[PDB]
Amino acid sequence: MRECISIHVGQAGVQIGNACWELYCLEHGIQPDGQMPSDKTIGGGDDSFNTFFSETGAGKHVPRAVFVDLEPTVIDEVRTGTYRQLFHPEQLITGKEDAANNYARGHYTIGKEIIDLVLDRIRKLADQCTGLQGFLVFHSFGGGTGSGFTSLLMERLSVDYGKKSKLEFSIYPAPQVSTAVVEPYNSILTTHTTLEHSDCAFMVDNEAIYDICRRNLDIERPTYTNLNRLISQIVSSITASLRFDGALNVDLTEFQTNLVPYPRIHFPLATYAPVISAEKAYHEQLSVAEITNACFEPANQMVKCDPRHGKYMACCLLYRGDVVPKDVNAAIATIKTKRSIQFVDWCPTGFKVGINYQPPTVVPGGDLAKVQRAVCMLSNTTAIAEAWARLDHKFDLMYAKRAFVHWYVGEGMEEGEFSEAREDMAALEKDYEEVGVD
Amino acid sequence: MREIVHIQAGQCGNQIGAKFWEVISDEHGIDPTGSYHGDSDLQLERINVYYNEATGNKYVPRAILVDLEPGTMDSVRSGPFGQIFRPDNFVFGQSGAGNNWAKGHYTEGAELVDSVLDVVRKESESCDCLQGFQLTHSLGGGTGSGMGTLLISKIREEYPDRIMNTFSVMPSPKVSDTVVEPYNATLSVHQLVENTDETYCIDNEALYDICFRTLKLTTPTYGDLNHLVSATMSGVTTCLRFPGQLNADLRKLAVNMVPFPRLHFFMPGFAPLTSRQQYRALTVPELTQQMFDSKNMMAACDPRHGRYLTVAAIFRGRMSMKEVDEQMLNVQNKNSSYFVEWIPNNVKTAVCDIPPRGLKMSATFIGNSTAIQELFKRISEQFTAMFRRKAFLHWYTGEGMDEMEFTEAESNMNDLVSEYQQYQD
Amino acid sequence: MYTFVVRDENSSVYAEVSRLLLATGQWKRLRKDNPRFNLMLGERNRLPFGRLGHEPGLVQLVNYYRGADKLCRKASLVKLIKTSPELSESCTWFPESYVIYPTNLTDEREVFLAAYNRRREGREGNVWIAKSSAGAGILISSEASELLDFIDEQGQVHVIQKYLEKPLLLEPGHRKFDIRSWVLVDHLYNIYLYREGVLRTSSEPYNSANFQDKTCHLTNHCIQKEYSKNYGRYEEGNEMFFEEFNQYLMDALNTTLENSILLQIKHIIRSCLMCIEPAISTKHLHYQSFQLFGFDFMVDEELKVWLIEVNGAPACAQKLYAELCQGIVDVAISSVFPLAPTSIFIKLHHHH
Amino acid sequence: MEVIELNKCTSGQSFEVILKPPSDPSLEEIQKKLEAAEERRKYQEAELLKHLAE
Ligand SMILES: Nc1nc2c(ncn2[C@@H]2O[C@H](COP(=O)(O)OP(=O)(O)OP(=O)(O)O)[C@@H](O)[C@H]2O)c(=O)[nH]1
Ligand SMILES: Nc1ncnc2c1ncn2[C@@H]1O[C@H](COP(=O)(O)OP(=O)(O)CP(=O)(O)O)[C@@H](O)[C@H]1O
Ligand SMILES: Nc1nc2c(ncn2[C@@H]2O[C@H](COP(=O)(O)OP(=O)(O)O)[C@@H](O)[C@H]2O)c(=O)[nH]1
Ligand SMILES: [Ca+2]
Ligand SMILES: [Ca+2]
Ligand SMILES: [Ca+2]
Ligand SMILES: [Mg+2]
Ligand SMILES: [Mg+2]
Ligand SMILES: [Mg+2]
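The structure is reproduced here in structure tokens:
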């Protein structure tokens with residue numbers, strides 16, 4: 102057994118992290134007080150769920166997580182919420198005033214004065230790990246803390262934990278729930294400085310989660326709680342292999358080995374199905390082929406884009422529920438004869454399949470209905486570069502006039518860092534095109 | 036606990052500031068004695084933003100009342116909510132400023148400024164995390180204009196990294212007290228361009244026209260004009276006084292509204308505005324149509340003459356947030372020629388469940404429009420009509436000023452106009 | 028009030044469509060860089076499909092199908108036909124073709140020579156043609172050495188296909204011709220065939236003993252009006268329309284345009300568009316697509332129809348701009364953005 | 005359509021299907037960047053105070 106430390110930075114990171122650990126507890130049978138009746142080894146043990154939960158002599162199962170926000174209001178909810186008893190005060194870190202949606206403020210001005218305290222709290226959790234694998238970092242692109250402080254933290258983690266893997270769960274900005282006009286600036290600034298420090302990053306476009314909640318869950322105006330509970334199901338599907346007995350993606354290194362043959366191109370597309378409304382009278386349960394086929398529909402992708410017009414470098418199928426290999430292969434065969442699935446010539450045309458018999462757990466009173474089987478497809482497609490193109494365009498529009506730049510320069514950042522970050526993105530888009538187009 | 040320190044200076048500044056604390060004190064359930072008597076927890080959620088909490092569960096506004104003569108502040112103290120202000124927070128002289136910017140900024144005001152800063156310093160020393168300051172004042176007089184901008188300069192010196200916000204009443208010949216208002220206004224605008232992060236331009240002519248044409252008030256008074264300002268100040272500060280994610284604090288608001296440091300002068304708007312057919316329900320399309328109509332704007336500048344750099348909209352009341360997004364997108368998608376295309380998604384919309392007093396719902400509009408240059412053009416032309424003959428300058432040269440300082444203020448404001456024009460094309 | 032942007036100033040078709048849209052008073056044109064649009068008349072090359080369908084509250088539609096170039100490229104079409112089981116290599120309505128890369132750069136050189144040497148030995152007609160999409164650059168010859176040598180002198184991908192030695196000739200004149208069919212595919216992937224076609228005729232007598240002079244062999248409108256001397260002799264602008272052509276088929280061959288030619292044309296259009304539907308359909312996509320296509324057919328003396336190529340950004344006959352452009356607005360644009368017959372198209376039903 | 009590396013356990017199983025075969029900055033450098041930006045902030049505030057002192 103090897104431990105995984107989760108880090109949640111900013112409002113998005115914290116609130117998403119809160120939804121995941123709620124789900125993790127319900128999946129492993131852990132109560133809000135940290136008690137786990139099924140755990141027969143009191144105060145220890147190297148079971149699969151121990152990669153995310155430590156144990157005290159009193160039998161409490163404590164998440165291996167750190168929450169960081171430059172403002173206290175969001176993390177205060179965790180301190181007084183349902184799961185206030187899971188975490189101890191050392192794990193929850195808050196400042197006094199936030200980064201004001203200003204990358205430079207979170208990275209330089211405020212980041213410099215709190216980075217050592219955060220590393221100190223992380224070191225404590227690392228000291229409890231007999232074989233630390235690495236970190237899972239949750240954050241947004243558009244926030245000043247989520248963008249600016251995360252990149253500073255990722256740089257230091259590479260320094261203090263050189264041989265450790267680092268995975269990201271990043272929230273791509275969407276105006277329908279967007280807070281700031283400068284979020285394209287922050288998104289590109291943080292992608293530039295984080296790119297060399299992240300081994301694998303799962304981007305979630307808020308626009309995609311927003312429309313899934315309206316289309317599939319009939320939520321007219323989704324809230325952050327609606328978005329986060331859906332996001333935590335997908336996150337749970339991606340991390341299940343680290344928390345349960347299995348043989349696929351058993352450690353953080355396997356995510357890179359299986360999903361990222363080229364380092365810079367480390368943004369796999371996630372696709373999830375089925376998402377069924379809980380208010381429905383009663384749905385007709387879908388089969389293995391129908392949920393698998395749904396993994397090739399843009400409407401359930403975490404990032405809206407057209408994978409028919411890119412190329413695949415890897416593809417993982419993660420099933421939960423009543424699934425046997427026979428039905429998986431039968432569905433894949435039928436999808437190869439109906440769908441446009443083009444792999445790069447220097448990669449094998451194949452699918453790594455993982456099946457966990459326990460169907461997805463649903464939060465009591467949540468929005469999602471119980472389903473007998475579900476799947477999450479992770480595919481490294483050049484089509485996700487459409488999201489970089491969209492973002493880089495908005496950046497170009499504002500930066501051409503230097504709009505809002507004085508806010509960044511005023512926090513000590515040099516203007517040249519803008520163009521340095523933009524040129525790196527232009528190189529990223531070019532890499533995708535060299536790999537996907539003919 | 037992100038506290039804001041409020042300052043009101045001069046006649047106009049204290050009369051409008053008085054009504055403001057009257058309106059929001061009613062919204063938060065605070066009575067004239069400082070005791071809370073609401074029925075919703077949302078009222079107290081962000082109450083510490085504007086109110087200090089004293090003994091006995093009393094809420095005292097974090098406000099500093101400043102003037103160079105006692106008259107107007109004597110009225111406030113005897114006014115409706117006069118007892119709610121901290122007695123030590125009244126700082127005033129006896130000389131007056133005689134509508135003379137030089138007196139408020141250099142001579143009379145200088146003698147009193149240090150004592151005002153002692154109170155500001157006292158209020159800030161009790162703030163857990165001071166956001167910044169908001170000042171209410173006029174620009175056509177002596178105290179609010181001249182000493183007001185002096186206060187801002189010395190506040191920015193002591194708190195260089197805090198946000199400085201103002202509600203500035205711009206003079207108009209149609210609602211004028213003295214012929215020197217364009218002099219005082221041009222000298223203040225130069226100060227504001229340098230030392231404020233956000234200035235809400237309230238033009239007294241726009242307020243007059245609204246009271247007359249739209250509200251059907253035959254003979255508008257300053258009191259009528261101040262009703263509109265109170266309501267607008269309540270609308271724009273809703274983001275700060277209640278739970279919300281968008282423009283939640285002063286710095287985040289500035290980051291989203293101010294793409295260039297000098298272009299931080301906003302046109303505010305309010306809806307509805309009804310003449311006493313006052314009980315009719317107002318649909319969301321109507322709120323949106325009015326909110327973007329020039330007749331509902333208080334800068335007396337036609338938005339169709341320029342372009343919006345950024346827009347902040349706040350809807351108040353129990354309504355369909357879905358229908359809000361639709362109508363907002365419809366306005367941008369039906370008039371996208373009036374929004375600059377080099378700032379994507381520059382129109383942000385916020386909702387609040389608590390509506391103003393006596394309204395099922397309302398909408399407040401905050402626009403950073405290049406059309407505001409028309410306001411500075413009017414002032415500049417009125418300034419130059421007198422300055423070319425050096426008319427009425429002796430009032431200022433008698434207080435130590437030189438003509439050069441006027442020439443510089445003039446050029447600086449014309450530069451601001453040229454800056455707004457280059458971004459409109 | 029709908030909004031649209033123009034990003035192809037050289038499009039005669041959509042220049043008229045934009046003109047008609049404004050004439051309705053219910054459409055408003057925006058600057059070519061304004062993202063808040065309902066409809067995009069996009070550029071030909073490098074159309075940013077990735078930026079479409081991400082504007083909250085705007086249903087967005089574009090006049091090009093992403094991925095349709097597979098059908099509208101000389102080399103792509105050959106590769107699509109030989110590799111798609113729906114079309115198969117034994118496809119009987121497409122001339123035997125091969126993809127030949129210049130030697131300065133898969134490649135079907137040897138596969139072509141084997142089929143060529145087979146015809147040379149069997150006494151059969153061995154006249155091939157070379158062409159490419161990078162042309163205004165065509166060569167017709169019976170010797171394989173000339174064809175391949177002509178490609179090596181160039182630097183782009185070429186295609187060598189069989190030259191229809193027995194084309195149907197119009198009388199009087201004894202002259203070649205081709206048929207241009209306009210096909211509109213809407214967002215629902217309905218296939219509408221414009222009722223009006225045009226025959227681009229050669230005003231020169233077809234001569235099968237001299238492929239060096241390419242005036243009586245290439246029916247392009249620019250070649251006839253530039254290098255031909257009988258331009259506009261038999262029909263105005265070398266453009267015979269379906270009414271005249273049909274009457275000719277009845278007086279001379281005792282048959283109709285519908286039975287002898289149009290059935291094959293409708294079958295070819297369906298087969299091509301249905302084949303690529305799974306790859307280009309926008310049925311479940313965040314944006315919608317439609318596109319006007321120009322099919323070019325050949326007719327031999329047996330009244331057998333062959334496909335020559337498909338044009339993705341075609342022009343229209345001067346006499347048919349009004350009718351067709353109005354048809355594009357009705358079934359392609361207004362079907363998605365309704366305004367406040369006897370259709371001019373022939374719906375080609377099919378299974379989605 | 006070959007299935008390889010089939011592993012089975014009480015809680016699930018995994019396998020691989022092959023449809024077709026194929027064809028940093030140091031801690032010192034970070035401190036300098038942070039201190040350099042903090043130095044540019046100090047300079048900009050000093051100029052502002054110098055301006056307000058005039
Ligand atoms: N899916 C999801 N997105 C969120 C959530 N909270 C914020 N966001 C998105 O994150 C972006 C804003 O960044 P925040 O995380 O709120 O900012 P921050 O990291 O706290 O940094 P500060 O500027 O200091 O507040 C916007 O695009 C929001 O839509 C959340 O709970 N769930
Ligand atoms: N295999 C073949 N057999 C007989 N004629 C052929 C032929 N291939 C091409 N042609 C002749 O060439 C002309 C079409 O050329 P092609 O369409 O390939 O070039 P192009 O694309 O530049 C013209 P356009 O796209 O405008 O129709 C036709 O008029 C036809 O007569
Ligand atoms: N809206 C409004 N404007 C006022 C009021 N009182 C004065 N003004 C305007 O403010 C200017 C006069 O400044 P004033 O505040 O009286 O001078 P001060 O006391 O020296 O600051 C003129 O342009 C007046 O039209 C008021 O109560 N409401
Ligand atoms: Ca245990
Ligand atoms: Ca590393
Ligand atoms: Ca004195
Ligand atoms: Mg925050
Ligand atoms: Mg007065
Ligand atoms: Mg062509």
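For the record, the sequence lines run as chains A, B, C and D.
Letter by letter, the first sequence follows residues 102 to 539 in the working numbering.
Letter by letter, the second sequence follows residues 36 to 460 in the working numbering.
Letter by letter, the third sequence follows residues 28 to 379 in the working numbering.
Letter by letter, the fourth sequence follows residues 5 to 58 in the working numbering.
The beta carbon of each residue, even a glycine, is placed where N, CA and C say it ideally should be.
(request) Report yes if the CB atom of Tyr258 (chain C) is closer than 8 Å to the CB atom of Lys252 (chain C), and no otherwise. (result) yes
(request) Just the C-alpha distance for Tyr91 (chain C) and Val358 (chain C), rounded to the nearest angstrom, thanks. (result) Answer to the nearest angstrom: the Cα atoms are 15 Å apart.
(request) For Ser259 (chain A), return the contacting residues in chain D, with the cut-off set at a CB-CB distance below 7 Å. (result) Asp28
(message) Under 8 Å, Cβ to Cβ, is there at least one residue of chain G near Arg316 (chain A)?
(response) The chain inventory of the structure shown lacks chain G, comprising the protein chains A, B, C and D.
(message) To the nearest angstrom, how far is the alpha carbon of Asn394 (chain A) from that of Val506 (chain A)?
(response) 45 Å
(message) Using a strict less-than 5 Å threshold between each residue's beta carbon and the heavy atoms of ligand 4, what residues do you get?
(response) Every residue passing the under-5 Å Cβ criterion appears here: A:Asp140, A:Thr142, A:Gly146.
(message) Strictly below 8 Å CB to CB, what residues from chain B border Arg58 (chain C)?
(response) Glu376
(message) So, with DSSP's three-state summary, where would you put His376 (chain C)?
(response) coil
(message) Using a Cβ-based criterion (distance less than 7 Å to any ligand heavy atom), does residue 17 (chain C) qualify as near ligand 9?
(response) No information on residue 17 (chain C) is available, as it lies outside the stretch 28 to 379 that chain C covers here.
(request) Examine chain D for any beta-carbon lying closer than 8 Å to the beta-carbon of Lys439 (chain A), and answer yes or no. (result) For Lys439 (chain A), the nearest beta carbon of chain D is not closer than 8 Å to its own beta carbon.
(request) Determine the direct distance from the alpha carbon of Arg78 (chain C) to that of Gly91 (chain B), and round the result to whole angstroms. (result) Computed Cα separation, rounded: 59 Å.
(message) Between B:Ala348, B:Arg342, B:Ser130, B:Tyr431, which has its C-alpha nearest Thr267 (chain B)'s C-alpha?
(response) B:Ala348
(message) Could you check whether the Cβ of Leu38 (chain D) sits closer than 8 Å to any Cβ belonging to chain A?
(response) yes
(request) Could you check the C-alpha separation between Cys314 (chain A) and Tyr194 (chain B) for me, to the nearest Å? (result) 45 Å
(request) Report the rounded CA-to-CA distance for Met436 (chain B) versus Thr442 (chain B), giving the unit in angstroms. (result) 12 Å
(request) Find the residues of chain B that neighbour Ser279 (chain A), judging by a C-beta separation of less than 7 Å, and give them in chain order. (result) At a beta-carbon threshold of 7 Å, the residues of chain B lying near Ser279 (chain A) are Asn380, ordered along the chain.
(message) Is it buried or exposed, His140 (chain B), if we count other Cβ atoms within 10 angstroms and call 16 or more buried?
(response) buried
(message) Buried or exposed for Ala57 (chain D), going by 16 or more other Cβ atoms inside 10 Å?
(response) So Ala57 (chain D) ends up on the exposed side.
(request) Classify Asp539 (chain A) as buried or exposed, calling it buried when 16 or more other Cβ atoms lie within 10 Å of its own Cβ. (result) Per the 10 Å Cβ criterion, exposed.
(message) Just checking: is the beta-carbon of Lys383 (chain B) within a distance shorter than 8 Å of some beta-carbon in chain C?
(response) At a cut-off of 8 Å, the C-beta of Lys383 (chain B) has no neighbouring C-beta in chain C.
(message) Would residue 63 (chain A) and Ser139 (chain A) be called neighbours here (beta carbons separated by less than 8 Å)?
(response) Summary: the structure shown does not reach residue 63 (chain A), with chain A confined to residues 102 through 539, and so no result is reported for it.
(request) Name the residue from B:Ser265, B:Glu445, B:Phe116 whose alpha carbon lies nearest to the alpha carbon of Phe422 (chain B). (result) B:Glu445
(message) For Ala159 (chain A) and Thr195 (chain A), I'd like the C-alpha separation in whole angstroms.
(response) So the alpha carbons of these two residues sit roughly 28 Å apart.
(message) Is it buried or exposed, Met302 (chain B), if we count other Cβ atoms within 10 angstroms and call 16 or more buried?
(response) buried
(request) Examine ligand 5 and report whether any of its heavy atoms sits within less than 7 Å of the Cβ of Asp28 (chain D). (result) Relative to ligand 5, the beta carbon of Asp28 (chain D) is positioned inside 7 Å of a heavy atom.
(message) Using a Cβ-Cβ cutoff of 9 Å, what residues of the segment 11-23 of chain D are near chain A? List them in chain order.
(response) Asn11, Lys12, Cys13, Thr14, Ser15, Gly16, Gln17, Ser18, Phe19, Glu20, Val21, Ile22, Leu23
(request) Could you tell me how far apart the beta carbons of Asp61 (chain B) and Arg392 (chain B) are, in whole angstroms, since I believe they sit closer than 8 Å? (result) 6 Å
(message) Measuring alpha carbon to alpha carbon, tell me which residue in C:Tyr143, C:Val184, C:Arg147 is nearest residue 10 (chain C).
(response) This structure cannot settle anything about residue 10 (chain C), because the visible part of chain C is limited to 28 through 379.
(message) Quick check: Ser39 (chain C) and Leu68 (chain C), are their CB atoms within less than 8 Å of each other?
(response) no
(request) Could you work out which residues of chain B lie near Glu49 (chain D), taking near to mean beta carbons separated by less than 7 Å? (result) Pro195
(request) Note down, in chain order, all residues in the segment 153-167 of chain B with a beta-carbon under 9 Å from any beta-carbon belonging to chain A. (result) The residues in question are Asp163, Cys164, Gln166.
(request) Give every residue of the same chain whose Cβ lies closer than 6 Å to the Cβ of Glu158 (chain B), excluding the five residues on either side of it in the sequence, and list them in chain order. (result) The beta carbon of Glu158 (chain B) lies closer than 6 Å to those of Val40, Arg97 in the same chain, with the five residues before and after it left out.
(request) Kindly indicate if chain A contains any beta-carbon less than 8 Å away from that of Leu31 (chain D). (result) yes
(message) Any C-beta of chain A within less than 7 Å: which residues of the segment 283-311 of chain C qualify?
(response) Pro305, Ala306, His311
(request) Using 10 angstroms around the beta-carbon of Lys357 (chain B), count the other beta-carbons present and answer buried if the total reaches 16, otherwise exposed. (result) exposed
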